[PDB]
Amino acid sequence: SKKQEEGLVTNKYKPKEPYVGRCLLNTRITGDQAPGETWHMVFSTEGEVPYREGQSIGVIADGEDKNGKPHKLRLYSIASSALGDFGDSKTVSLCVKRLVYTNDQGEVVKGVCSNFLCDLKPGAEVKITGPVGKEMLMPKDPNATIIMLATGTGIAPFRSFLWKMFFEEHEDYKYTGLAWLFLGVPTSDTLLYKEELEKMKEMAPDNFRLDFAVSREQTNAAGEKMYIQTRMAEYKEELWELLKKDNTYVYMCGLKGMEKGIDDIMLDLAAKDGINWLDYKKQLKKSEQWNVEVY
Ligand SMILES: Cc1cc2nc3c(=O)[nH]c(=O)nc-3n(C[C@H](O)[C@H](O)[C@H](O)COP(=O)(O)OP(=O)(O)OC[C@H]3O[C@@H](n4cnc5c(N)ncnc54)[C@H](O)[C@@H]3O)c2cc1C
């Protein structure tokens with residue numbers, strides 16, 4: 001594999017007997033004017049949960065379902081690097097969007113686990129399972145060009161990636177490649193980790209490119225809404241050229257459906273080059289250079 005799979009751990013903890021951590025910090029990272037709430041929370045793990053960049057953990061909300069059984073676990077991409085927000089390898093962090101919407105019947109639907117997580121106060125316990133997954137593991141190549149495409153909470157695994165790449169010192173992993181993050185959100189009030197990301201850009205100016213796409217507030221020169229694919233289109237020649245290099249790895253995380261718009265601009269780019277994007281994407285997936293985790 002071309003990914004950091006060495007010593008990988010999956011499901012050390014299962015629903016039947018999860019790890020019980022404690023909330024150390026819970027902070028809303030979206031503005032007051034934001035239409036929806038997203039929270040950044042840090043749980044203690046005592047160094048018992050051996051997760052790595054790109055993995056997820058399952059969370060079992062407190063309470064019971066309509067049948068008296070414990071709630072089914074919900075997966076959340078880990079937003080912290082392996083060393084964690086405190087650099088001590090004894091915590092794990094999540095980036096959670098509170099799911100609340102009204103169906104066509106006028107009935108409010110409050111997501112069970114997302115609201116449970118966002119309502120957590122420091123000191124409160126949390127049932128955790130995992131670590132989970134291997135689709136979004138980082139490339140082994142320390143000079144890899146890493147293109148990260150995210151929408152909303154999809155930023156989570158890339159915050160994890162970026163912490164290891166730019167906020168930490170690893171004698172065995174000194175990142176020298178080009179990291180490029182595209183983050184699409186509806187309003188600037190929902191620009192998750194804006195400060196952190198701009199700080200990374202400040203300390204690694206030539207190695208980190210950061211492009212925000214705020215669809216409801218920005219438009220390109222033509223006046224078109226700035227969706228993630230719209231922002232990508234501002235760099236079409238560069239991106240296509242990079243997609244042809246063997247050390248280029250593309251990761252996509254976030255709302256299912258963000259894939260279509262991205263494929264549309266890729267279809268155009270490849271075609272102009274006499275290439276069928278649908279086929280090329282299959283090849284990139286097989287060569288581990290196109291990794292997707294949408295929900
Ligand atoms: C690999 C993976 C990674 C994920 N990473 C994150 C992450 O980093 N952050 C994050 O906030 N979430 C993430 N999720 C989503 C998360 O797992 C839950 O699906 C989400 O938080 C809603 O769960 P809930 O318990 O709050 O809602 P539920 O109680 O499960 O939902 C209530 C009802 O709404 C429906 N429903 C569920 N989800 C949606 C939706 N998105 N839109 C409309 N209706 C819906 C259901 O069918 C259900 O009947 C991830 C999911 C996967 C599979």
# chains A, B, ... in the order shown; residues from 1 in each chain; ligands from 1
>>> closest_atom_pairs(of="chain A", to="ligand 1", cutoff="7 Å", atoms="only C-alpha atoms and all ligand atoms", output="tab-separated table")
residue	atom	partner	partner_atom_place_in_ligand_line	distance
A:56	CA	ligand 1	3 (C)	6.5
A:74	CA	ligand 1	17 (O)	4.3
A:75	CA	ligand 1	17 (O)	4.0
A:76	CA	ligand 1	5 (N)	3.6
A:77	CA	ligand 1	8 (O)	4.1
A:78	CA	ligand 1	8 (O)	6.6
A:94	CA	ligand 1	8 (O)	6.4
A:95	CA	ligand 1	8 (O)	5.2
A:96	CA	ligand 1	11 (O)	3.6
A:97	CA	ligand 1	11 (O)	3.8
A:98	CA	ligand 1	26 (O)	6.6
A:99	CA	ligand 1	26 (O)	5.1
A:109	CA	ligand 1	32 (C)	6.0
A:110	CA	ligand 1	32 (C)	6.3
A:111	CA	ligand 1	26 (O)	3.1
A:112	CA	ligand 1	25 (O)	3.9
A:113	CA	ligand 1	25 (O)	3.5
A:114	CA	ligand 1	26 (O)	3.6
A:115	CA	ligand 1	26 (O)	5.9
A:153	CA	ligand 1	9 (N)	4.9
A:154	CA	ligand 1	8 (O)	5.9
A:156	CA	ligand 1	8 (O)	5.5
A:293	CA	ligand 1	1 (C)	5.9
A:294	CA	ligand 1	2 (C)	6.7
A:295	CA	ligand 1	51 (C)	5.2
>>> write_last_selection(atoms="N, CA and C atoms", output="PDB file, in the first residue's frame")
ATOM      1  N   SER A  56     -11.851   6.948  11.715  1.00  0.00           N
ATOM      2  CA  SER A  56     -13.067   7.407  12.382  1.00  0.00           C
ATOM      3  C   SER A  56     -13.279   6.637  13.676  1.00  0.00           C
ATOM      4  N   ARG A  74     -22.779   5.829  15.628  1.00  0.00           N
ATOM      5  CA  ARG A  74     -22.715   6.732  14.487  1.00  0.00           C
ATOM      6  C   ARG A  74     -21.219   6.996  14.303  1.00  0.00           C
ATOM      7  N   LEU A  75     -20.752   7.020  13.059  1.00  0.00           N
ATOM      8  CA  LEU A  75     -19.336   7.262  12.796  1.00  0.00           C
ATOM      9  C   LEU A  75     -19.006   8.742  12.627  1.00  0.00           C
ATOM     10  N   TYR A  76     -17.840   9.143  13.122  1.00  0.00           N
ATOM     11  CA  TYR A  76     -17.380  10.520  13.007  1.00  0.00           C
ATOM     12  C   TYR A  76     -15.897  10.516  12.676  1.00  0.00           C
ATOM     13  N   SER A  77     -15.526  11.198  11.596  1.00  0.00           N
ATOM     14  CA  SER A  77     -14.123  11.266  11.203  1.00  0.00           C
ATOM     15  C   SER A  77     -13.341  11.944  12.321  1.00  0.00           C
ATOM     16  N   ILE A  78     -12.172  11.407  12.641  1.00  0.00           N
ATOM     17  CA  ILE A  78     -11.364  12.000  13.701  1.00  0.00           C
ATOM     18  C   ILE A  78     -10.750  13.299  13.188  1.00  0.00           C
ATOM     19  N   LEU A  94     -13.410  15.438  17.773  1.00  0.00           N
ATOM     20  CA  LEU A  94     -14.424  15.303  16.736  1.00  0.00           C
ATOM     21  C   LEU A  94     -14.921  16.667  16.276  1.00  0.00           C
ATOM     22  N   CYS A  95     -15.406  16.707  15.041  1.00  0.00           N
ATOM     23  CA  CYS A  95     -15.952  17.921  14.436  1.00  0.00           C
ATOM     24  C   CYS A  95     -17.391  17.521  14.127  1.00  0.00           C
ATOM     25  N   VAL A  96     -18.322  17.932  14.985  1.00  0.00           N
ATOM     26  CA  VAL A  96     -19.717  17.522  14.846  1.00  0.00           C
ATOM     27  C   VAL A  96     -20.756  18.572  14.491  1.00  0.00           C
ATOM     28  N   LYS A  97     -21.524  18.279  13.447  1.00  0.00           N
ATOM     29  CA  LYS A  97     -22.593  19.161  12.997  1.00  0.00           C
ATOM     30  C   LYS A  97     -23.877  18.689  13.664  1.00  0.00           C
ATOM     31  N   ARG A  98     -24.559  19.598  14.343  1.00  0.00           N
ATOM     32  CA  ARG A  98     -25.812  19.267  15.003  1.00  0.00           C
ATOM     33  C   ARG A  98     -26.857  19.020  13.911  1.00  0.00           C
ATOM     34  N   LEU A  99     -27.380  17.801  13.819  1.00  0.00           N
ATOM     35  CA  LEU A  99     -28.387  17.523  12.800  1.00  0.00           C
ATOM     36  C   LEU A  99     -29.790  17.856  13.298  1.00  0.00           C
ATOM     37  N   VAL A 109     -36.921  16.935  13.302  1.00  0.00           N
ATOM     38  CA  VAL A 109     -36.121  15.739  13.477  1.00  0.00           C
ATOM     39  C   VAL A 109     -34.776  16.144  14.069  1.00  0.00           C
ATOM     40  N   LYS A 110     -34.555  15.782  15.327  1.00  0.00           N
ATOM     41  CA  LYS A 110     -33.300  16.095  16.003  1.00  0.00           C
ATOM     42  C   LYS A 110     -32.433  14.840  15.954  1.00  0.00           C
ATOM     43  N   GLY A 111     -31.319  14.901  15.231  1.00  0.00           N
ATOM     44  CA  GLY A 111     -30.447  13.741  15.147  1.00  0.00           C
ATOM     45  C   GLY A 111     -30.063  13.294  16.544  1.00  0.00           C
ATOM     46  N   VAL A 112     -30.169  11.997  16.812  1.00  0.00           N
ATOM     47  CA  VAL A 112     -29.855  11.469  18.133  1.00  0.00           C
ATOM     48  C   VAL A 112     -28.419  11.684  18.607  1.00  0.00           C
ATOM     49  N   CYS A 113     -27.455  11.154  17.865  1.00  0.00           N
ATOM     50  CA  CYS A 113     -26.063  11.252  18.282  1.00  0.00           C
ATOM     51  C   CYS A 113     -25.400  12.618  18.137  1.00  0.00           C
ATOM     52  N   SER A 114     -25.685  13.328  17.048  1.00  0.00           N
ATOM     53  CA  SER A 114     -25.075  14.637  16.839  1.00  0.00           C
ATOM     54  C   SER A 114     -25.481  15.625  17.932  1.00  0.00           C
ATOM     55  N   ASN A 115     -26.746  15.595  18.338  1.00  0.00           N
ATOM     56  CA  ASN A 115     -27.213  16.500  19.388  1.00  0.00           C
ATOM     57  C   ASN A 115     -26.663  16.070  20.751  1.00  0.00           C
ATOM     58  N   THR A 153     -18.283  19.395   7.619  1.00  0.00           N
ATOM     59  CA  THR A 153     -17.514  18.551   8.538  1.00  0.00           C
ATOM     60  C   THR A 153     -16.498  17.652   7.846  1.00  0.00           C
ATOM     61  N   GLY A 154     -16.549  17.597   6.518  1.00  0.00           N
ATOM     62  CA  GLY A 154     -15.606  16.784   5.765  1.00  0.00           C
ATOM     63  C   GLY A 154     -14.175  17.250   5.987  1.00  0.00           C
ATOM     64  N   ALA A 156     -12.748  17.491   8.748  1.00  0.00           N
ATOM     65  CA  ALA A 156     -12.184  16.716   9.860  1.00  0.00           C
ATOM     66  C   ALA A 156     -10.905  15.908   9.605  1.00  0.00           C
ATOM     67  N   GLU A 293     -14.646   9.665   0.990  1.00  0.00           N
ATOM     68  CA  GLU A 293     -15.390   9.317   2.196  1.00  0.00           C
ATOM     69  C   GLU A 293     -16.501  10.346   2.363  1.00  0.00           C
ATOM     70  N   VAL A 294     -17.642  10.095   1.731  1.00  0.00           N
ATOM     71  CA  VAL A 294     -18.766  11.020   1.820  1.00  0.00           C
ATOM     72  C   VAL A 294     -19.968  10.378   2.507  1.00  0.00           C
ATOM     73  N   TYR A 295     -20.827  11.207   3.089  1.00  0.00           N
ATOM     74  CA  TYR A 295     -21.977  10.718   3.834  1.00  0.00           C
ATOM     75  C   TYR A 295     -23.151  11.700   3.831  1.00  0.00           C
TER      76      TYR A 295
END
>>> select_by_dssp(residues="region 95-193 of chain A", states="helix (DSSP H, G or I)", output="PyMOL selection string")
chain A and resi 112-118+152-167+188-190
>>> residues_around(residues="residue 135 (chain A)", least_positions_apart="4", cutoff="10 Å", atoms="only C-alpha atoms", output="list in words")
residues 3, 54, 55, 251, 288, 290, 291, 292 and 293 of chain A
>>> residues_around(residues="residue 48 (chain A)", least_positions_apart="5", cutoff="10 Å", atoms="only C-alpha atoms", output="list in words")
residues 12, 13, 19, 21, 89, 90 and 91 of chain A
>>> residues_around(residues="residue 265 (chain A)", least_positions_apart="6", cutoff="9 Å", atoms="only C-alpha atoms", output="list in words")
residues 229, 230, 232, 233 and 236 of chain A
>>> write_last_selection(atoms="N, CA and C atoms", output="PDB file, in the first residue's frame")
ATOM      1  N   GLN A 229     -16.476  23.044  -6.488  1.00  0.00           N
ATOM      2  CA  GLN A 229     -16.006  22.787  -7.845  1.00  0.00           C
ATOM      3  C   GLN A 229     -15.786  24.098  -8.604  1.00  0.00           C
ATOM      4  N   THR A 230     -16.515  25.140  -8.213  1.00  0.00           N
ATOM      5  CA  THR A 230     -16.400  26.446  -8.857  1.00  0.00           C
ATOM      6  C   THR A 230     -15.047  27.064  -8.514  1.00  0.00           C
ATOM      7  N   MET A 232     -12.424  25.292  -7.563  1.00  0.00           N
ATOM      8  CA  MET A 232     -11.442  24.412  -8.182  1.00  0.00           C
ATOM      9  C   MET A 232     -11.207  24.849  -9.629  1.00  0.00           C
ATOM     10  N   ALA A 233     -12.292  25.216 -10.309  1.00  0.00           N
ATOM     11  CA  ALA A 233     -12.241  25.656 -11.698  1.00  0.00           C
ATOM     12  C   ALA A 233     -11.342  26.873 -11.905  1.00  0.00           C
ATOM     13  N   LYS A 236      -8.146  25.168 -12.814  1.00  0.00           N
ATOM     14  CA  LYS A 236      -8.257  23.989 -13.666  1.00  0.00           C
ATOM     15  C   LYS A 236      -6.979  23.491 -14.337  1.00  0.00           C
TER      16      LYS A 236
END
>>> residues_around(residues="residue 15 (chain A)", least_positions_apart="5", cutoff="8 Å", atoms="only C-alpha atoms", output="PyMOL selection string")
chain A and resi 60+73+128-129
>>> closest_residue(among="A:24, A:270, A:162, A:191", to="residue 38 (chain A)", atoms="only C-alpha atoms")
A:191
>>> closest_residue(among="A:5, A:211, A:217, A:189", to="residue 235 (chain A)", atoms="only C-alpha atoms")
A:211
>>> closest_residue(among="A:151, A:62, A:268, A:31", to="residue 237 (chain A)", atoms="only C-alpha atoms")
A:268
>>> residues_around(residues="residue 246 (chain A)", least_positions_apart="3", cutoff="9 Å", atoms="only C-alpha atoms", output="PyMOL selection string")
chain A and resi 144+242-243+249+289
>>> write_last_selection(atoms="N, CA and C atoms", output="PDB file, in the first residue's frame")
ATOM      1  N   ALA A 144       4.629  13.819  -1.095  1.00  0.00           N
ATOM      2  CA  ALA A 144       3.381  13.714  -1.833  1.00  0.00           C
ATOM      3  C   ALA A 144       2.631  15.035  -1.958  1.00  0.00           C
ATOM      4  N   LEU A 242      -1.460  18.391 -12.133  1.00  0.00           N
ATOM      5  CA  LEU A 242      -1.096  17.646 -10.926  1.00  0.00           C
ATOM      6  C   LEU A 242      -1.715  16.249 -10.913  1.00  0.00           C
ATOM      7  N   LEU A 243      -2.933  16.129 -11.438  1.00  0.00           N
ATOM      8  CA  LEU A 243      -3.614  14.840 -11.472  1.00  0.00           C
ATOM      9  C   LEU A 243      -2.901  13.820 -12.361  1.00  0.00           C
ATOM     10  N   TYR A 249      -2.002  12.734  -4.632  1.00  0.00           N
ATOM     11  CA  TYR A 249      -3.066  11.967  -3.995  1.00  0.00           C
ATOM     12  C   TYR A 249      -4.245  12.867  -3.685  1.00  0.00           C
ATOM     13  N   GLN A 289      -4.912   6.912  -5.500  1.00  0.00           N
ATOM     14  CA  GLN A 289      -4.717   8.355  -5.618  1.00  0.00           C
ATOM     15  C   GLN A 289      -6.000   9.168  -5.653  1.00  0.00           C
TER      16      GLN A 289
END
>>> closest_residue(among="A:26, A:4, A:37, A:168", to="residue 88 (chain A)", atoms="only C-alpha atoms")
A:168
>>> atom_distance(atom1="CA of residue 33 (chain A)", atom2="CA of residue 188 (chain A)")
9.4 Å
